[PDB]
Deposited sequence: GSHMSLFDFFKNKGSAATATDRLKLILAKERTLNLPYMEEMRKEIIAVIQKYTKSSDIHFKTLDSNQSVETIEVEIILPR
């Protein structure tokens, strides 16, 4: 319903064309930081215009 379970959402957008070989490493660390301050353990992260959005859904404790 419109009440139980607190979520947090993180989006990382970039040029689909762009290189950046560390995106992964960055993803991992970014998530690591969130878990640190939110103590969350339920984390969902998927990838997909021509913009690419690493989407990350985080359920708070």
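Coordinate coverage of the deposited sequence breaks at 1 to 15, 64 to 66, 80, these segments carrying no C-alpha atoms.
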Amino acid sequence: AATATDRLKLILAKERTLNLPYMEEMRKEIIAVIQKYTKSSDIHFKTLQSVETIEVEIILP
From here on, numbers count along this sequence of modelled residues.
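The mean C-alpha temperature factor is higher for 12 to 20 when 12 to 20 and 33 to 41 are set side by side. In this entry, 1 to 9 shows the higher mean Cα temperature factor of the pair 51 to 59 and 1 to 9.
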